[PDB]
């Protein structure tokens, strides 16, 4: 899963992530989706691998505008990478973090400088962390609501309870942003869209995925 050489310093992991091309970040994402397709499909029910790639590109867009060195938050919300993978994804990160032992299909990397700041491990962990919440959402939700509430869980820690302004501004936005890539032939190039871009079709933003 690791992208850069093990032993690479924190400073260089960050600088080498800020200089990754959009196309290279897409390629990292697709390789994790390819590696973990079966658990992604079992949890989320996505139609196919292409639409699952697009969903994750939606996430990278909403979370980092595809800037792989983006770093935000503090403690449990402290996040890095294209998908803004929070510390709570990682094993042994802090004892006050709620456990994520419900994705046995994907290795839970320990919290270490390399595993947090390496773009490859960050992306793998972001997908595992999202499937931790999406599998919780599956207990009560079906269809597009597994991913919509999965996202609420990814961003907030809770699948339920957010204000409905945010399920639209954050989870529906993610679905609409990912579909732009699929509809406009941006699945492998350096082109990206962004939160609120008025070009993006926000109508029925989940239907493409199922």
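Positions refer to the first chain, counted from 1.
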Open item on the list: Mean Cα B factor from the PDB record: higher for 176-184, or higher for 29-37?
Closed with: 29-37
Open item on the list: Mean Cα B factor from the PDB record: higher for 195-203, or higher for 10-18?
Closed with: 10-18
Open item on the list: Maximum C-alpha temperature factor per the entry, among 71, 100, 113, 87, belongs to which one?
Closed with: 113
Open item on the list: Given 78, 124, 140, 132, identify the residue with the highest C-alpha B factor in the PDB entry.
Closed with: 140
Task: Within-chain third of residue 162 by Cα B-factor, per the entry - done: highest
TODO: Classify residue 83 as lowest, middle or highest third according to the C-alpha B-factor given in the PDB entry, relative to its own chain.
DONE: lowest
Open item on the list: Per the entry's values, where does residue 62 land by CA temperature factor relative to the rest of its chain, in the lowest, middle or highest third?
Closed with: lowest
TODO: Classify residue 155 as lowest, middle or highest third according to the C-alpha B-factor given in the PDB entry, relative to its own chain.
DONE: lowest
